[PDB]
Each structure stands twice: as structure tokens, then as C-alpha cells.
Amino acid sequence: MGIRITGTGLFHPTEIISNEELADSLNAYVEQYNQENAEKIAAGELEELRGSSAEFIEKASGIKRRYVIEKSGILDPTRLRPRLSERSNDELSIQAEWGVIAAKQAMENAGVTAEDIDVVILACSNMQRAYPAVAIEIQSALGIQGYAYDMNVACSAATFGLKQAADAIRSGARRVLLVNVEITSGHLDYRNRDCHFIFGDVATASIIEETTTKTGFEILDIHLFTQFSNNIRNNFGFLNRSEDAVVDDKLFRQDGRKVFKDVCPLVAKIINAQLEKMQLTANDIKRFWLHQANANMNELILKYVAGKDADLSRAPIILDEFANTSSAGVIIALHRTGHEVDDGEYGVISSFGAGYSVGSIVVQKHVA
């Protein structure tokens, strides 16, 4: 009791890549590859590459576009990664800069200032460097005094981060700033038709406070769950240098079919057990804020936990515009539609994905 999400913030870069631009770009790479390797095709030595299309992407996921940090290099079929420049230690890192922008909006929405915050958690799927923690970089750019740390549970990092925020509040923290900064274009493989469309870039932030007198979503129950799986994995890391690594697996890899099979029943089972635990039915939940990877997966999970005739409207979809933003997804959804929940009504925040990880939070809105 007494712990509320009182504000959220959102930043996305300016440039947009539509499905068609992305498909056009990969088609060119696949075409050139299949020419250059034609004799290797006819020989069965190397595997031929298959193009993609806007319809195949949208039908597979519900994604239509995504925001990206830098558009040219991603679409450039001879580059297939954003065109970025190294920054000097004296300027904000990219990740710290995005985090600060999202975080200032969360703070302004919650009506708090730097001196009001005690903890800064950077919770996301990939940190730009190991030390000093980018969370501490964000913390000091904002002028916040307390402590900060980086934390990684991939797609579920925001719901784990909310639990850790609530845990620190129970122990004495007044207010926690939770920040998720996902520059997925830095570790996505744009050569692969099966994953090149999945992810977008974004930063989100949340202010979590101990309060009974500010409007916000009070956290009622948290279920976190992990179970190791290699069905989503990125083997890039600081030991690749010492391994003299050669395997081409240093970016996002996924068996999408197995993830879909494994995670849908996992999420629904966790949500249902949580609702039972809380003496609530699915029809007491005004909004399900679900992970934003795949609208079919969401509709599936939604129709199990709720009725088959539940209104589309109760599980907001933002992935059409952002693609999958990994840990940031549920926060985007909450940021865009929390206003659709009435005073006293209930909501569910649930992330799921890599690691296998699942986090599920029951909340109830209070208006001050």
C-alpha cells in the first residue's frame, strides 16, 4: 500500500522508418547478396536470403513504422546500422542524453524536482558502457543526490525496475526515478528478414513515490519470474576480444516461433494467478498494459485472461508506431493511455520476453 507511479515520460528520436523503407532496404541487401553469391546458391554451400515486404511485417506483428536514432545507415544496404559518432567523455552519452530527456518529462509530470528524488535506476536491455554506470551519468546530469545503478533484464527490465523501485521505497527511499533507454538499432541485425522489423528506438522514464495524496497508479501486487532460455540471445560482450570471436551471433538472434509458443501461456498463467490472488476478475481490469512486441501475441494473451469478447480497447497497442521497444514498451503504453482509466479502476502492467523473463503488476488508479 501507499506506493504510486505518479508520472511517466517519453522520448523518441525524430527520424521514422516505415515498413516499406525497411523492406525496400533489406530487399536491396538480399538482392545484392544473392547475386554476388549466385554460384554459391546453386551449390547449396551458402544459404540463399529471402526478402521481406511491408505486408509481411505488419501481418506478422502489427508494426507499421518505428522511430530510429539515425535513418541513413540503417536503410543503406551497404551499412545496415545507424551512422553515429563517438562523443568525448565531457559530453553526455547518447543513452544518458535520451534518459535525461525522458526523465525530465516524468519529473515535470509528477511535479517533482531533483532534490525530491533518492534513487535512479536505469533498467533496460543494453547499457552503452560498463562503468561509470549510465544511471549515475543520468543522475548527476539531473542534479539528483542519492544513488544510482544499471540493471538488465531485457524485455522485462521495466517491471523488474518498478519492483526494485517499490522495494527501495519500502526501505526508506522517498521517490525513485526509473529510466529505460532502448537504442535497439545498435544491436538489431538488419540483414535478417525474420527480425529486422521487430525493434524501434525510444527512452521512457517513471517517477515512483510513497504518497497517499498525489494522483497516480498505486502498486498492489508484483509477480516477477525468470526461467533461462536460449530462444532470445545476443552473444556480444567484453570477452569477445579475448575469445577472438568468429561466430556471427553478436547481435539480436531469436527463434520467434518458440518464443511465441513458450511465452503466451506463461504470461496468461501468471496474470490469471495474480488476479485470483487479488480477488479480481479480468473484467475488473480497465486496461492491460502489455509488452509491445507482437499484437497477435497480445490479442492471444488478452483473450485467454479476459473473455473472447473483450473489447480491443482494453489492451492498448503502441507498437504500430514504435515497433518493439523492449523494456520501454509497457511504459509507452501506460504513458499514452493511463488517462483512459477512471479513479478507482484497476490496471495490469506486464512485460515479457528475453531471458525468459516475465513481470506482472496489478495497479489501481487514485486521483488527488
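Residues carry their position along the shown sequence, with the first being 1.
Asks: Would 107-115 or 261-269 have the larger average of its C-alpha temperature factors, as given in the entry?
Replies: If you average the C-alpha B-factors of 107-115 and of 261-269, the larger mean comes out for 261-269.
Asks: Test of understanding: from the entry's C-alpha B-factors, which stretch has the higher mean, 273-281 or 176-184?
Replies: So the stretch with the higher mean C-alpha B-factor is 273-281.
Asks: By the CA temperature factor listed in this entry, which of these ranks top: 341, 46, 333, 68?
Replies: Reading the PDB entry, the winner on C-alpha B-factor is 46.
Asks: In this PDB entry, which of 87, 191, 129, 163 has the top CA B-factor?
Replies: The listed residue with the largest C-alpha B-factor is 191.
Asks: What third of the chain does residue 237 rank in for C-alpha temperature factor, lowest, middle or highest?
Replies: Within its chain, residue 237 is a lowest-third residue by C-alpha B-factor, going by the deposited values.
Asks: Based on the entry's values, in what third of the chain does the Cα temperature factor of residue 248 lie: lowest, middle or highest?
Replies: It falls in the top third of the chain.
Asks: Can you work out whether the C-alpha temperature factor of residue 5 puts it in the lowest, middle or highest third of the chain?
Replies: Lowest third, going by the recorded CA B-factors of the chain.
Asks: Sort the modelled residues of this chain by their C-alpha B factor and say whether residue 30 lands in the lowest, middle or highest third.
Replies: For residue 30, the deposited C-alpha B-factor lands in the highest third.
Asks: According to the PDB entry, is the CA B factor of residue 321 in the bottom, middle or top third of its chain, that is, lowest, middle or highest?
Replies: Lowest third - that is where residue 321 ends up once the chain's C-alpha B-factors are sorted.
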